Each structure stands twice: as C-alpha cells, then as structure tokens.
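Once you've seen the sequence and the experimental structure below, I've got questions.
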Amino acid sequence: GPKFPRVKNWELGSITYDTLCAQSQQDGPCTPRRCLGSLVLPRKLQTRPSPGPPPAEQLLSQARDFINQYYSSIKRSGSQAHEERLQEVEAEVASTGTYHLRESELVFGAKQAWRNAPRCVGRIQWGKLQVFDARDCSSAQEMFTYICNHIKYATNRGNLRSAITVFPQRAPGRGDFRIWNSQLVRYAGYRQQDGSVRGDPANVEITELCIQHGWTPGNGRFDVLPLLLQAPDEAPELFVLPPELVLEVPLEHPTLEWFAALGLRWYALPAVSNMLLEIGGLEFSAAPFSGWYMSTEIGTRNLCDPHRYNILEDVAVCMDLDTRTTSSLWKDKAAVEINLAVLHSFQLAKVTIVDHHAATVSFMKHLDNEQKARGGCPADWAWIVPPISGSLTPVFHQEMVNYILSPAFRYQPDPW
Amino acid sequence: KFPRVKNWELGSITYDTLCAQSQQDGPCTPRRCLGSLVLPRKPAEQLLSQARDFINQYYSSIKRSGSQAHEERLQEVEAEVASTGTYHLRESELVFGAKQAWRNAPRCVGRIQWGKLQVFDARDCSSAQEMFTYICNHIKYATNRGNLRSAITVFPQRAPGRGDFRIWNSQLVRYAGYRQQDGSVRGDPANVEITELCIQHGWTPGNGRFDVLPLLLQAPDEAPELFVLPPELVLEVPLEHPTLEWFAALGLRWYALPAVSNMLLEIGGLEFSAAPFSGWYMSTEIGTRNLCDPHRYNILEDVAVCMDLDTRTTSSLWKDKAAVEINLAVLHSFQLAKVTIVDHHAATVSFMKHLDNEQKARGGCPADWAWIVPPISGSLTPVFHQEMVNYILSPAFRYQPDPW
Ligand code: HEM
Ligand code: HEM
Ligand SMILES: Cc1cc(CCNCc2ccc3ccc(N)nc3c2)ccc1C#N
Ligand SMILES: Cc1cc(CCNCc2ccc3ccc(N)nc3c2)ccc1C#N
Ligand SMILES: C[C@H](O)[C@H](O)[C@H]1CNc2nc(N)[nH]c(=O)c2N1
Ligand SMILES: C[C@H](O)[C@H](O)[C@H]1CNc2nc(N)[nH]c(=O)c2N1
Ligand SMILES: [Zn+2]
C-alpha cells in the first residue's frame, strides 16, 4: 500500500514503513543494479575540500533546509523569527559567501548529526550531548587546552559523559583547523625490522608522522600517542597528553587468573577526532566527539582482528584449546572470554561501558522512538549488528533502511 | 564506474566487472539502501532475449560459441518461442543452468562446491505420486548414509494458463510446530502454518518437539496430496556435547539434509516452480539460528541454566557462552555420527577461496555480506573483513509466493 520502504522485524513479525528517507538529499553508493552497502568507504561516502566556498546557491539551499529543521524542532515553523532568520542567512551569504550559526543552532545541529549517524548503535543517547562551543579558538595551543578540557569533562573519573567540542568552521581562503589523529587516544604502532608491528597496527601511519614531527618514540605495546594539532595555514604542532588525563583500564578476567598476567589494557574514552561535522552546508573540519565504548569494540575488534592486536591464538593457548582445527571453536571460546574480561575489568574499575546485548536492546528502543518521532531511522545493518554473537542480539532480526541525512558526521581525507 | 572492492584485513583490492552482466533490479536506489531486506517488496521478445542470453552462456561454457550447434540451437529456441510463446531446455542445458543458478546465488556461503551438483531431470513428471517417488530418490541419493552429496531435482516448468507444480513444504525435512492455545508453540515455530496445512489435509499429528512433517505435493490445478516420508529415509543426528554429559539429556536432535523446496529456479526465462535442492549444513544454521533464535526453539536459557550461568544480567555473556557450547555440540554430534557438516570457520575460509576463483574466472562474484557473515563470531571469520558487491545474475534461484 504505502509508497515507502516496508521494514520488517522477523523475530516479532512486526512491520513499519520508513517515510523519513524522503528527507534525504544526498545519494549513497547503491543503484538498482548493485548494492554497495558492505563497502566501508565508497566514493559516495567520502568528501573532498575546495579552497573556495560552495556555490552560494548550493549553500543557501542547504542552509535554508537546516534553518527549517531548527525552527521545526522548537515548534516555530512559519513564525516571524523563522522567516527573519532565513533572511539573515540569505543576507549573510549574499555579502560574505558564508554564514554563521547561532549557539542554539550549533547545539541542535551537533545532536542531529549524531541522531542521523546510520552506523552508530549508541543513538538512544542522542539528546544527551554536551556541546562545547570552541569557535573562538585561534591557535593550536588553544586547541590543546580545549581538547584537555573535553577529556576531563567527558572522562569524569570513569562516569563517562558524551561530549563534542566544535572548532571554527572551514572558511573561504583560509586553512582548516584539523586534528591529525583519528582519535584523541591512540596506541603507537611501531614497525619492527622483521616487518611485524609492535603496538596497534591501525596506527602505524600516524605514529610515524608523530616521529617525523619530532616525537621521541617509546617501544611498548600501549604507548599513548601525542596529538598532532593543526591551526589554519600552519604546520601541525605536537602535544603530549598529561598521563593523568588519560584514564586506562588494566584487563583481567573474573575466573581465569592468568589473564591479568597478559598485561593487556585499553583506554576509557572513545574520542573520535578525524570526522567532519557538516551542518547547513557549513563544514567543521575539527569537531572531536566522544561517548563510551561498547565492549565488542575493544574485546572483539581492537584486540582480536588479525590486523589489530591479534591476541586470539595467545589467549586460546593459555586456555589450552585445540588451535589446530577450526571445529574446536577455539576462536569463538577465546573471543568470548576476552569480551568478558573487558566487561569485568571496566566494571571493576567503575568506568562506563555497555555490552553488545544491552546496547542493541537499547538501540531497538531507539528505533521505536524514532519511528514515532520522524517516521523512520537510517541504519547500516552491517555496522549495527555486533561482530560477535550477531543473531543473539535483537538488531540482527530487524530489517533496516540506510540513507544520508544532514546534519551529518562525514569522513574527510587525511590532511597530509 | 565499476565498484572498487577492498579486503580490510589484507589491504588487497579488486574491481567487480561482472556486475555489468546484471539484467535485473535489486531493491536499492541512490536515495536509500535496502540490502538488509529479507524479501523483494513485490512479452515474448523479453523471453526471447533471456533465452538467447542463456544459450550463449551455455555454448560459451563448452567453448563452442559461434559453432554450427550454437547457431542451430538459437534458431530452434527462436522458432519454438515464435510459434508457441515458450520453449524447452535440453538436459545438458538444464544441468549447466542449475549449476549456474547456485553459482550466482549471492546469499550462499557454500559456492566453492558449485560445479559439483547432481542434477535429476524430473520434467517427465505428471502427478503428485510421481513427484513423491522422485523426492524419495533425491533424498536417498543426497543422504548417502551421511556422506552427503549435493543434488537438485527439477520438476516441470511453469506453463501459461495452467497451475504450477509445487512442493508446499519449505524444506523436504521440517519439524512440526503445534500452536498451543496457551499462546506458546510446541516444536518448530517456523512451521506452524505448514503443520496446520498438513493436518487439515488429513495428517494425523504427533505432540513431540521433533515430529517430522509429511510433504504436501501439488500437481497443476489439483489439491495438494499428503505423503509421509519413510523414517529410514530421514537421517537424524541426536545432539550431545563432548564434555557436558547433561547436554544429551536435553532430548535435542536435528536432521542431516538441508533440502530447500520452495524456491523458483529461473533459467533462460523459463521458470521451475518446483526444483528442490540440497547440500549439507554449516553448523551455525542449526546450532545458532534453528536452536537459539528467540522465535525458533529458543534453547539459550535452558542450556545457560544447565551450565549454571548468571542469567540475571547481559554482561555475564551467558547467551554467548551457551551459544558456543550449542554449536560445539552440533559439530561433535554430526562428526560422531559421520554425517557431513562444515563449521563456519572452514566454510568462510572456503568462500574466500571461491571469491578469488571467481575474480579470475568472471571478474567478480555477487555476494550478500549480511548473509555470508555467520550469525556468531562474525569478525572472527575472514569474510567479515571483505567488501562484497550484491547484484542479480541469471540463471537464478528466486523466492515465490506460497501456493495457498
Ligand atoms: C554514548 C555511547 C556511544 C556508544 C555506545 C556508541 C557506539 C558506537 C559504535 C559501537 C560504533 C561503531 C564504531 C566502529 O565499529 O568503528 C559507533 C559508530 C559511530 N558513532 Fe556512536 N556511540 C556512542 C556515542 C556517540 C557519540 C557521542 C557520537 C557523536 C556525537 C557518536 C557518533 C558515531 C558516528 C558518527 C559513528 C560512525 C563511525 C564511522 O563511520 O566511522 N556516537 N558508535
Ligand atoms: C554444499 C554445501 C552447502 C553449504 C554448506 C551451503 C551453505 C549455505 C548457507 C549457510 C546459506 C544461508 C542459509 C540460511 O541462513 O537460511 C545458504 C543459502 C543458499 N544456498 Fe547454499 N549451501 C550449500 C549448498 C547449496 C546448493 C547445492 C544449492 C543449490 C543447488 C545452494 C543454494 C543456496 C541458495 C539459493 C541460498 C539462498 C537461501 C535463501 O535466500 O533463502 N546451496 N547456503
Ligand atoms: C579505518 C576506518 C575505520 C572506520 C571506523 C571507525 N569508527 C570508529 C568510531 C567512531 C565513533 C564512535 C563513537 C562511539 C564509540 N563507542 N565508538 C566509536 C568508534 C571507518 C573508516 C575507516 C577508514 N578508512
Ligand atoms: C523465513 C524465511 C527464511 C529464508 C531463508 C531460508 N534459507 C534456507 C536455506 C536455503 C538454502 C540452503 C542451502 C544450503 C544450506 N546448508 N542451507 C540452506 C538454507 C528466506 C525467506 C523467508 C521468508 N519469508
Ligand atoms: C567489509 C565490511 O564492511 C567491514 O569489515 C565492516 C563491517 N561491519 C562493521 N561494523 C562496525 N561496527 N565497525 C566496522 O568497522 C565494521 N566493518
Ligand atoms: C534482517 C536481516 O537481513 C535478516 O535477519 C538476515 C540477516 N542475515 C542472515 N544471514 C543468513 N545466513 N540467514 C539469514 O536468515 C539471515 N537473516
Ligand atoms: Zn544497497
């Protein structure tokens, strides 16, 4: 009947229609001929910068759309203040080629970008975001101050709080503010003479950049990287995070006493720093944000990916499993105990964390909330379903519709 | 252009040029991706173009394209369509077509096996009774006392203005699901509807959790008929665990043969509404989905309690622990009973090899990532880290409506 995607839950038998996808103004990577939904970074997901501001016609339409979004969210659509704000944006773009967001618009926009993020299972929390306005920042040194404050506020001694800090937007003929690091906290990856890697192989490139830029390298598996911070039209400067600001959790297992002897650990705060926050056509190239971890990010991906710390076989050996045959399920067994250790250790340390069952259950609640609020919720099934125990969580059995809404967090090319 | 396809574990890149051979729309558009949907939402020149394409594929496959046999065959097909609005395949074409359809199935992790498929031609079938005989033979052949062999049996194609041959059951082997008026379901809840259909066509029910269903077989424009399978035909494996002695006490079992029987086989524009096929099980189908899905047997909590796990909270990972042991028991029991089965690690490793074979052979391979990645331990398998392109190639296996 309804001219919209029909969405089914196969556990419960229930049916919804997504009308929200009608609001999408940007194409994704799929066509009637082939689905490219499993691609991490298709050409249709990456952006590209250009030294001059967008066609004013293009900016204006994106801006008017956002201003409309804003005035709706405060139930003043069609009002005199709504129309005057539009005029003010048209005028500002007409004379300068760009415009600026009021503070409450920036707050609404940051929350909406999170709410719109199809790959995030944590969106039940979308309305609880502390927005630090840093659009006054004028130096790399000052970015560091703002970032340290963010870290202190967000970490809160283990009672984590979601936050984003927004640095000045891209400007016509002026260099970007950029944080070179992909996260505020990253372990070094040192390429050994044998070709193997000590530390986190995900971080080889950023490690060597830090070294090129004068950082004296350690040689551990868990060396915290310094930040490479870039103010407009300047070489990036190097900043060492004071160790007491970086909360870490040593990993131990509730019953396997040898696990603590492994010397594994992870940091408390997942703070992503290389993403572009786009609002009403405005581009915030530096806008780091943080929440708290879902345990599978640490226990399954970062610790067990073959191209990350790759500890599965080591743990399986300690567990005395048969690692000579796939059918012993030694990988599945070790992976479970590693995830358990992550959960147990974070709880012991009083550091906020959520397991993949609690997380996906809460994401189902989010889906129902959004069905009523907006008539749908953009969601990337492959990313929402956790990397272990897929069909054991409710999201596996939930069909999802994926599409791009703005405000958005977007990937952007590396500054170098 | 053509999609750049990357493996994130190895850093290796391919380009899929095979997708350009797709003449059939999937559900996605540039505005929104619908890849996670289980089912699709919904003259004679068209048939003729599909027929030619397929005949071309066939003669290319035996490397005799442009031959006299090739040109004469195209003319036979064209003459037959022009006069009758349809045509018929030669057995060798059908054997090639059935293998290609499996090969092209984006949701199948077992495609390394695609060239090894026994094709039974059952197109000279005129009655439900004859359908039953063919099905029993298929089952006997494919089961092979536990040394499972992949097979397909192809019943007569659809013809305009006449009902289809259909097997109403979704698989040749299904356990009954009896709806207890106290809300619940005894047996397999996936099969409540077929179970009830059987009863009202005269089946005398059981009351167990694992009662094997009769087949409802339908010849064109006739009520379906009921046929009970001879119990010696249905090989089953009692489930036990290698170390937890209490596991056997759960009374769990599963059948050996995954024989799917409700899909439509399309070859060269011709449609085969009954063409049941079978291979062997990947252990997660049974251990994870069939036994642990909340809307299937849903045994996670029973096993967890037996394992004395803390059910009170998600963060004990009781679900994950119990699932692992359930999958282990399935593997162990099948291996003990000498019945073919493949674990999800071995299966995904073979599929990676298959992807590489196909890249060299065809320049790509249609794959549905969400269906290829197993339902436990996803990122622990190599397929999780492999980008895939999904598209429809013909010959194809397709869904079709239930005939009731
Ligand atoms: C509050 C607790 C939160 C949890 C448990 C959570 C969970 C997750 C997880 C598990 C992922 C997948 C990441 C990966 O596999 O690499 C993800 C992705 C994402 N998250 Fe959330 N998140 C939280 C808060 C936030 C916040 C505060 C923001 C932004 C304001 C955010 C925005 C995003 C975005 C944009 C992605 C897509 C990542 C990408 O494409 O690389 N999340 N989240
Ligand atoms: C030889 C051993 C085989 C293995 C291990 C295997 C494995 C699998 C698995 C695990 C699935 C997903 C099923 C689900 O989750 O419901 C699947 C789907 C599928 N398989 Fe294979 N398979 C095998 C043989 C075959 C054969 C012989 C055929 C056809 C001749 C075939 C055609 C298909 C098709 C069409 C699907 C899609 C199912 C659907 O969309 O409902 N497979 N396979
Ligand atoms: C290497 C790579 C990785 C990724 C995913 C990173 N996603 C991390 C992330 C982002 C936001 C998060 C928010 C909360 C949270 N707990 N984890 C979060 C983790 C995408 C593209 C590329 C590339 N190229
Ligand atoms: C409820 C439902 C389920 C499905 C997937 C069934 N897929 C079974 C299947 C098919 C082929 C197989 C081949 C081999 C094998 N081991 N298992 C195989 C299992 C599709 C549509 C609906 C609907 N409506
Ligand atoms: C190839 C595939 O897209 C890739 O491995 C994806 C799959 N799903 C994911 N899901 C999450 N949450 N995070 C990821 O990095 C990925 N990686
Ligand atoms: C909604 C989602 O597409 C659905 O639950 C899918 C996910 N992946 C799957 N993968 C396999 N192999 N089998 C399935 O039934 C499903 N179900
Ligand atoms: Zn798609």
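Thanks, I have it. Residues are numbered from 1 along each chain as shown, chains lettered A, B, ... in the order given. Ligands and ions are numbered 1, 2, ... in the order given.

Let me know how buried the closest residue to ligand 1 within the stretch 1-150 of chain A is, in neighbour terms.
Closest approach between the stretch 1-150 of chain A and ligand 1, counting by Cβ to the nearest ligand atom: residue A:122, at 2.6 Å. Backbone N, C-alpha and C define where each C-beta goes, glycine included. If you count neighbours by other Cβ atoms under 10 Å in any protein chain shown, residue A:122 ends up with 19.

Look up how far chain B lies from the spatially closest residue to it that is not a sequence neighbour.
Once flanking residues are discounted, residue A:122 sits nearest to residue A:291: 5.6 Å by Cβ to Cβ, 6 or more residues apart in numbering or on different chains. Applying Cβ to the nearest Cβ, to the nearest Å, the value for residue A:291 to chain B is 18 Å.

Residue A:291: what's it in contact with?
A:122, A:125, A:160, A:162, A:270 (Cβ atoms under 8 Å, 6 or more residues apart in numbering or on different chains).

same check, this time on residue A:195
Going by Cβ under 8 Å, 6+ apart, the list of residues near residue A:195 is empty.

Name the residues of stretch A:192-207 that come out as buried.
By 16 or more other Cβ atoms under 10 Å in any protein chain shown, the buried positions in stretch A:192-207 come out as A:197, A:198, A:199, A:200, A:201, A:202, A:203, A:206, A:207.

what's residue A:262 sitting at in phi/psi?
phi -70, psi -20 (degrees, to the nearest 10).

you'd agree it is up against residue A:250?
No: Residue A:262 lies out of contact with residue A:250 (Cβ atoms under 8 Å); the separation is 9.8 Å.

In terms of neighbours, single out the busier of the two.
More crowded of residue A:262 and residue A:250, by other Cβ under 10 Å: residue A:262, with 18 against 13.

Tell me which residues touch the more buried one, please.
Counted by Cβ under 8 Å, 6+ apart, residue A:262 has contacts A:251, A:311, A:314, A:315, A:318.

Make JSON lines out of the residues you listed and add secondary structure and distance to residue A:154.
Shown next, in JSON lines, are the contacts of residue A:262 (DSSP: H, G, I helix; E, B strand; the rest coil; distance: Cβ to Cβ, whole Å):
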{"residue": "A:251", "secondary structure": "coil", "distance to residue A:154": "21"}
{"residue": "A:311", "secondary structure": "coil", "distance to residue A:154": "27"}
{"residue": "A:314", "secondary structure": "helix", "distance to residue A:154": "32"}
{"residue": "A:315", "secondary structure": "helix", "distance to residue A:154": "30"}
{"residue": "A:318", "secondary structure": "helix", "distance to residue A:154": "34"}
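
Now a PyMOL select for only the buried ones of those residues.
Only the buried members of these enter the following PyMOL selection, criterion being 16+ other Cβ under 10 Å:
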select buried, chain A and resi 251+311+315+318
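
from the contacts of residue A:262, which are also near chain B?
Among the contacts of residue A:262, no residue lies close to chain B (Cβ under 8 Å from any Cβ of the partner chain).

Go through the contacts of residue A:262 and name the one nearest residue A:353.
residue A:251 (11.9 Å; Cβ to Cβ).

Next, work out how far apart the nearest residue to the closest one once chain neighbours are set aside and residue A:215 are.
Excluding the flanking residues, the one nearest residue A:251 by Cβ to Cβ, 6+ apart is residue A:264, at 4.2 Å. Going from residue A:264 to residue A:215 by Cβ to Cβ, to the nearest Å gives 24 Å.

who has more neighbours, the two?
A direct count of neighbours by other Cβ under 10 Å for residue A:264 and residue A:215 places residue A:264 higher, at 23 against 17.

Around the residue of the stretch 201-350 of chain A found nearest chain B, how many other residues sit close by?
As assessed by Cβ to the nearest Cβ, chain B sits closest to residue A:326 within the stretch 201-350 of chain A, at 3.7 Å. Residues near residue A:326, counting by other Cβ under 10 Å, number 19.

contacting residues around it?
Contacts of residue A:326 (Cβ under 8 Å, 6+ apart): B:343, B:345, B:346, B:349.

how far away is the residue of chain A found nearest ligand 2 from ligand 1?
Using Cβ to the nearest ligand atom, residue A:391 is the residue of chain A that sits closest to ligand 2, at 9.4 Å. Distance of residue A:391 to ligand 1, computed by Cβ to the nearest ligand atom, to the nearest Å: 18 Å.

picking up where we left off before, with adjacent residues omitted, what lies nearest to the residue of the stretch 201-350 of chain A closest to chain B?
residue B:345 (3.7 Å).

any idea which element residue A:190 lies in?
Using DSSP states H and E, residue A:190 sits in strand A:189-191.

For that strand, list every residue counted as buried.
Here strand A:189-191 shows A:189, A:190 as buried, counting by 16+ other Cβ under 10 Å.

Equivalent analysis for stretch A:259-277, please.
So, applying 16+ other Cβ under 10 Å, buried residues of stretch A:259-277: A:259, A:262, A:264, A:266-277.

and if you look at stretch A:65-73?
Buried, per 16+ other Cβ under 10 Å, within stretch A:65-73: A:66, A:67, A:68, A:69, A:70, A:71.

and what of stretch A:46-60?
A:53, A:54, A:56, A:59, A:60.

among the residues you listed, which two are most distant?
Once Cβ to Cβ is applied, the buried residues of stretch A:46-60 give A:53 and A:60 as the farthest pair, at 11.4 Å.

circling back: list the residues that contact the residue of the stretch 1-150 of chain A closest to ligand 1.
Contacts of residue A:122 by Cβ under 8 Å, 6+ apart are A:291, A:294, A:354, A:359, A:363.

now do residue A:315
A:259, A:262, A:334, A:337, A:338.

burial count for residue A:92?
Neighbours of residue A:92 (other Cβ under 10 Å): 14.

what does residue A:136 give?
Neighbours of residue A:136 under the rule other Cβ under 10 Å: 9.

Can you tell me the SS state at it?
coil (DSSP: H, G, I helix; E, B strand; the rest coil).

any idea how far ligand 7 is from it?
42 Å (Cβ to the ion, to the nearest Å).

next one: residue A:21
From residue A:21 to ligand 7 the distance is 12 Å (Cβ to the ion).

So that residue sits against residue A:374, correct?
No: under the criterion of Cβ under 8 Å, residue A:21 makes no contact with residue A:374, lying 10.3 Å away.

the more surrounded of those two?
Each of residue A:21 and residue A:374 has its neighbours counted (other Cβ under 10 Å); residue A:21 has more, 23 against 16.

Identify the residues contacting that one.
Counted by Cβ under 8 Å, 6+ apart, residue A:21 has contacts A:4, A:5, A:376, A:378, A:401, A:403, B:31, B:32.

Touching, the third one and residue A:370? I think so.
Yes: under the criterion of Cβ under 8 Å, residue A:376 makes contact with residue A:370 at 6.6 Å.

Overlap in contacts, those two.
By Cβ under 8 Å, 6+ apart, the residues touching both residue A:376 and residue A:370 are residue A:20.

Those two - which one has more neighbours?
A direct count of neighbours by other Cβ under 10 Å for residue A:376 and residue A:370 places residue A:376 higher, at 25 against 20.

what's the burial count for the closest residue to ligand 6 within chain A?
Proximity of chain A to ligand 6 (Cβ to the nearest ligand atom) peaks at residue A:399, 4.4 Å away. Counted with other Cβ under 10 Å, residues neighbouring residue A:399 total 21.

Backbone dihedrals for it, please?
phi -60, psi 140.

what does residue A:164 give?
phi -130, psi 140.

Relative to ligand 5, how far out is it?
Taken as Cβ to the nearest ligand atom, the span from residue A:164 to ligand 5 is 20 Å.

same thing with residue A:17?
Residue A:17 is 26 Å from ligand 5, by Cβ to the nearest ligand atom.

Tell me the bridge partners for that residue.
Counting by DSSP bridges, residue A:17 is bridged to residue A:6.

Contact partners for it?
A:2, A:4, A:5, A:6, A:7, A:375, A:376.
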